[PDB]
Amino acid sequence: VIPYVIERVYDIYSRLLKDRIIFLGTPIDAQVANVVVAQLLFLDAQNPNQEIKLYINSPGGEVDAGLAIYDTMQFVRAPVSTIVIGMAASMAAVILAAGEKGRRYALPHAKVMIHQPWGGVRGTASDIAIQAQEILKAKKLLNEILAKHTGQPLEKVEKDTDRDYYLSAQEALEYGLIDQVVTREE
Amino acid sequence: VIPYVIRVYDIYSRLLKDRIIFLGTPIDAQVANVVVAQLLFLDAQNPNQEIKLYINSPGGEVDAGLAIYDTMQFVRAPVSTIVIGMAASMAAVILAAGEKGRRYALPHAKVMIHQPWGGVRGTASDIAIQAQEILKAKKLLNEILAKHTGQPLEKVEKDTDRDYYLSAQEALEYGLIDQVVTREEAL
Amino acid sequence: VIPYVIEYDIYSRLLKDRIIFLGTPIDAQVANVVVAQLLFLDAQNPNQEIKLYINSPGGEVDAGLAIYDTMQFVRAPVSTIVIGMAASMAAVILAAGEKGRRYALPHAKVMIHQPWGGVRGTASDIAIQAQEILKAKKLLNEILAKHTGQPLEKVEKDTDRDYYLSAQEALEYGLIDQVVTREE
Amino acid sequence: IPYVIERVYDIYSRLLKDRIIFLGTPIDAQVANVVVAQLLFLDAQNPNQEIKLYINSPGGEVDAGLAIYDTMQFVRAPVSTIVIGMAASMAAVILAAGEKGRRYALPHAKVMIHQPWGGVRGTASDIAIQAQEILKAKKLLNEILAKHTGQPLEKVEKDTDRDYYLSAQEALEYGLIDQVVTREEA
Amino acid sequence: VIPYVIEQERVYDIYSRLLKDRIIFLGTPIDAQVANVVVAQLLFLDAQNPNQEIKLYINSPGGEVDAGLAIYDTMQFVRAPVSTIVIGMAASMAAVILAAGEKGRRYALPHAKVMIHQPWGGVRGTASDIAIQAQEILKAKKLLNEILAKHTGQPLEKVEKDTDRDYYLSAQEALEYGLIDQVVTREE
Amino acid sequence: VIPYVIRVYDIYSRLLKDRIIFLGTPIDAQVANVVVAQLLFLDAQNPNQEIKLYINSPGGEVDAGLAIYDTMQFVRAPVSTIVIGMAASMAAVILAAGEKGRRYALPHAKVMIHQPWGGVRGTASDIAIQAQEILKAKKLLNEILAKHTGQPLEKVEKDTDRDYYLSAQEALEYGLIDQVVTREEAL
Amino acid sequence: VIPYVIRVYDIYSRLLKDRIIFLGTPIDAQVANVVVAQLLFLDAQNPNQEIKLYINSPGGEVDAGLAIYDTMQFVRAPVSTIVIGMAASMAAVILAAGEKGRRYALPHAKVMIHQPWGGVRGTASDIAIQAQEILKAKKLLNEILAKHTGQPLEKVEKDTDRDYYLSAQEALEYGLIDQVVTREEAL
Amino acid sequence: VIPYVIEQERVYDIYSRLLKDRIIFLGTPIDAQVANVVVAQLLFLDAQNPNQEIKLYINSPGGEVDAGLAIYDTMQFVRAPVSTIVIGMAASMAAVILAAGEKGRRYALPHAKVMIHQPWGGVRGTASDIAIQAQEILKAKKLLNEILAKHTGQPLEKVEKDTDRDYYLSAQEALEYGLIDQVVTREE
Amino acid sequence: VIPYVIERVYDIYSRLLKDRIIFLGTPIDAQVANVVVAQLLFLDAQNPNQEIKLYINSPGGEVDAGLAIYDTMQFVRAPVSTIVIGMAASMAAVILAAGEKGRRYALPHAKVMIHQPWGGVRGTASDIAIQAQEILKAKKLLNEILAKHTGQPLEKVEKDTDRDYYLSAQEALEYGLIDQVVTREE
Amino acid sequence: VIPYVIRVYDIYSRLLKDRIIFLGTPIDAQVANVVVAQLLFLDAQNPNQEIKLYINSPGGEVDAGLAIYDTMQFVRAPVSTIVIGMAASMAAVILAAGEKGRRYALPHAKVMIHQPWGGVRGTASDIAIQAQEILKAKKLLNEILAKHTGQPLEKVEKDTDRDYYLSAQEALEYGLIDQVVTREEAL
């Protein structure tokens, strides 16, 4: 059930998209990634110099899908501000941390969590070795991305993500995942 | 079966034009996102006009409910809360979080507060981590409740140990609402 | 298939004439949409009648009381008309219409009964839930006694089991004001 | 279940020959009836010789567990109880109900006591009746535990409000058993 | 929950709106119905202007061989040059389609992944029917290796050896392999 | 996810405006009816302008496929057929049934022809009736293929005994199409 | 299909007559009870004669595994343990708990040790109770392994953090067994 | 519907009756429970007489590696010589067990089939857990190739190449490979 | 529900096994093959010179399982007479035809059917090629076995088994699959 | 729930000792095999003593029923048939196939004859083959019925076109049985 607004009839999310606001509010798969990539490219084509706001409330999801969002944020000229409302876990926390530096925000009771990737393999030993190597490459890459955007040493990030690593908004600020905890509007 | 008005509105969209939002379901991430979206939209249209949030919900996910809570505190527009029916658990937190003086209940509405519910699976290491998170959430929700009701924290911790039901008048005495409204001329 | 009108689906068209249908079992979403319609019509005009057509087996107590409370709250008088059946929470809502403007079609029926529920959990949790339902049972008997004019002790006895009334019997009970057969 | 010759026994039937009964499953009416049948049989064979009830059970239905409890008190034969593994809820009541002086635990066995749980659907009148029955059951089980452990009733009622787990040594301190047994010498 | 745009009256969902800018998404596993709708957009855009570039964004694990080849053939069939961009993943038939973009206009985002491998299938039936189905798969396997060799510039024997099992490439490795022409990091 | 064009067309509806029809799914009665409806509509719009039928289908029900076949022969408008992807069984009959000279394949498209498949349960009398119908369908389809390909009937009957797969060039040699097209100028 | 021997024994019952018990399935309460019953029976038959416990199990419930562990320590009869196949988690604890000097492995048998796994749903209070129990079980199992292997407690706790697989020779180096046997004269 | 024999009082099902003649059947997929019951029969027969031959008839597609290795080790563990006979099929771990029979006493019926191939498995979990499981599979793969090389006399590199995919052998080919010692057609 | 006989208690099939009679009365899988092989080896060990009777009423089944039965019939010294009652299809018809020459029988309304094998393959193209080669080898082998035991030219057998090839008892006699149609007992 | 006699018999095994066989289920291969096994056993014990086959069956698979039929004709022992309840389709063929003069029905037993029922799936070629088999079975069963009843083949073909029900007295007049038996002294 999603309500509508006029002025031209908009659903609420389309209405906010007109104001350069995108929601990443679901677990992340290819389809979620494609629609977020589509909106980022659209907004950047309309104006490559105006801020885009990406609101995040997501438990994360597929690595390749999350990296397509990450890469498109880095690619577009428009600066992408990130705001976690609720939860930003796993690939969603990487995306949060990938916002334009200085414009990564959290609501006071929002939560961030980072952890190593999860996977599965079925097949002959030969096929398993191939797939295990890919997941091991993904694990290293995500730690490198997190270290780069938080300023933390890679060695520390690798230690912290070995299991589920939960951060309050203030703790995520100290970690370097966000730039500001926002409580009240101007 | 959602009715319409005429350019074309469903009934909830029509009320949204009048700065009325409904929280009438169990709360998950998707419900929180759409309520947050409506709050931000209305606050962007006019940060000085009241928003009314009608509540009829059994609660739901803590993170999702806290996203609504934080957005209510964040926006400049004052958010009046009205429980029709029931406001339980995270929905009771949100009810109590409305603009002070503008928190209302219909006469036969019910409020219920209780500690959070959860689940954990995994190794002992993973379970300890998840158990810590449930424990922090329980403490935080009791703190938010004490803060918006004025009750001492210890009393709240004790009252929410099991399901704690309040009538509208009892919720008023508890500090969860400001007024029980029976008739419209009384406003 | 729900047909349309151009000046609307048929229910939206009737809402333009200040008519609301309560024609399904009552849960939170049904209560919310009926409440929304009542508030909308009352904000359009707080002095003109609203007509609530009822054909429902009842449903959740909290949801039914949300409709009941909103009917009492709005300034607009809410006329109630049972077509078909009005059972349990829907019979409460019928009886709560503006006095003098509660109607029934000749073969429509009303049924009143104590609430129904369930509880699972430890003994401590069951004790809490049992007392909420027992408070609900008393309150619904009090509301029915109030709007019918029957003594509370009589209502409590009559609703111990399913208590069916014809339209004429519901009139005598005090749950409605008039059985209407013809339009005229 | 293996078999023994010298005319063939399964292992549990073979141990019954030595006056040993196993309570090794969740407790329902059926489990209670066969345990009761074994208690009555052994007591009729010899009302003066000890019976050994080995316990490894998460508990179960109250009425079924109390049928075992009552039959233990009823028979003249002394019933020694031994928890191997776990004795939870109604099974902890049964453990504690063994002949005083003859309630034993292996060193890593676990005991747990807690208030009863249940459910009912129906009219308010029917729910009121069922809630009353659960409340009487809760009081009765706390009274039985107070009786056999020597603990004050108020303490037992406070302890069983939620799951109350005890090690073997803690169960000894509680009064639920008489001895933690480690090796077969005494 | 796909958002909409108004007259950028005219109402577009976001993908229809990008289609107006000659952008097509291949963002799902490939079956006949996905292939048909991508072929339809290719034919439509080429009829509107046969000289303007088309951009095909790819985020797909691949799929049915016949369906992927319908997309491949339609790309060569239309006069409009089709640029391919892998965002996320381009595996199997999707990697064939990525590599089939206009030479010089095959792109990857920095962390996109490409994977190539021999086809997979199944058949039940009599030995006669199974032999027929096995022969079709072996022809498909050879054809896909030939198409890949053609668009990468790699020797056929190398491609056949590399696709015997799942062969994963980073964006930079796919450039070195010849499946793409450029890894793009920032817009400009 | 089917995109739209501008007033409002989905992409297939937009292409239908240019006299293009897709047969891109397994064939049942509902697929045949909508393809028949599009053929009749285009032929009524202009009985002299070409219609393009794009084919990517594994075939399907015989009666449904023959309704498409019969409607193509019936309408005055010439129907060009183009297999993109695959055209198997009734879809291959339909491909071969396009206007002589205007039956096309993309280079890696595939055609397959084979005898019909069915099933029946019932009494021996009922089974005998159903077996004779499938027998008549098998003969009729071989006759239609022989007609549109120019192949002798005994050859078609031998070839369709089991799944008979053809590349685009081999389908050209068979007489099922008139031209393999690589670039669009060829049409 | 379990064969029989002659009066009537199945093969496991026949081997039980020779004081041999198999732990060859995942461990739950029912498996522990029947293994306990066999240990008590053999020990009552003769408290001085060796019992052989053949192990091929992925482990299982902690309480069930500890009932087997405790009964082995309790009975006067010495219990030799022999892993054929695999002995993981509680089965590895049971293997290492055999009589000192009489813990054996076949050459390609494998041992694996790891911390316990569980789950719980419920209120925060109930979850806190269950997390402390799994925490106590995790510590207790590391202490038991340290005792029977001679390894320092901190090493066992580090090693069992994730699945820790050992060959027969590596389990010998760990102290989980006393001898790798290739031919039967070695026992 | 397994038939019975009487005192050939004493009642045997047919398999228990053949067990009396020191015959064991491995005629199902191999899991822990199959391995345990075969190990139990091996231990029982060897305790009754450690010097008399045991006959293990094989008709199995293989199964779990640990379970098959428990049978393999117990065959070497017992003093009694274990003769293996493949009737029907001996694939994977069952082919390892076939080849592990007493040298000179490994047999095949004329149309029996043998197949060898690398192990298969699966895992879900965190990357850390997956790496642990992948390492166990790779050790199992190497160990099984080493055991096969040992009992066939084949070079390790040859066995590793041959088991990369399903490697089927007729009875005569299995003799030439070294997995069996004799193809037997008629009794005598 | 299978009835019993005495003299010693036998089920009916075990009682007939005492008279050297084996039933192949089910579809053929490994388990069916193993139990038939077990009975053939048992009877041949009891007396390698006395006839064994194999009654057949089966639609056939797995090729490897059927060949294990076939090979054991050829292996044992005891002559195996085959009798089809009801139906002998596919692998069951091969087994029927493999009986001792002169002692292969059919009841008058029994039916025989021969046809090429059926299979399935799933996997990469490489795996499919391997499996398709195995089924093609099985198809050739079964035609060679049928030709050898019927005396028919291999080329004819290969043509006849291309689809389901049904034979009446008299037609199976003329084909060489059996030696005699039996109507009445001596 | 099958009762016993005392060395130990279930009730059907006890009656088998008296040369009584029950055909009391739908007929498939497994039922035919066990009835054939009993017929052969009894005939081997004494080829000169009557066997009684009690019938209460709706019929079943043709090949399975024909195996019983052929074994009845094959054995030297005369097989008397008695329908109690119902003998339909293949069970009616078997009833009519008992030893002439020894085919009986209880007074309210029912007999029904009808053409066979089947199913076919596959290509047209495979369906034609299966259709031929159903057709041969239909002709053969009508021939067997004409042979044991003495009815002309054409009449049987006509009567079995649909379900053809007979009372015991009508089955006697049809030639399917020889006697309706009401009381035991009448034998």
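A, B, ... follow the sequence lines: proteins, then strands. Residue 1 opens every chain. Because only heavy atoms are used, hydrogens play no part in the values below, and waters and symmetry mates are left out as well, while side chains stay in.
- In the model, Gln179(B) has no side-chain atom that pairs as donor or acceptor with a side-chain atom of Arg103(B) under 3.5 Å.
- At a 4.5 Å heavy-atom cutoff, the contact between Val36(B) and chain A is made by side-chain atoms alone.
- Rounding to the nearest 0.5 Å places OG of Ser89(B) at 8.0 Å from CD1 of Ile27(B).
- Contact annotation for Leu40(B): only side-chain heavy atoms (C-beta onward) come within less than 4.5 Å of a heavy atom of chain A.
- Ring pair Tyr165(A)/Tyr175(A) is tilted by interplanar angle, where 30° to 60° counts as tilted.
- Heavy atoms closer than 4.5 Å to chain A are found in the side chain of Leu140(B), but not in its backbone.
- Defined by atom type and a distance below 3.5 Å, a donor-acceptor pair is missing between the side-chain atoms of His114(B) and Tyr165(B).
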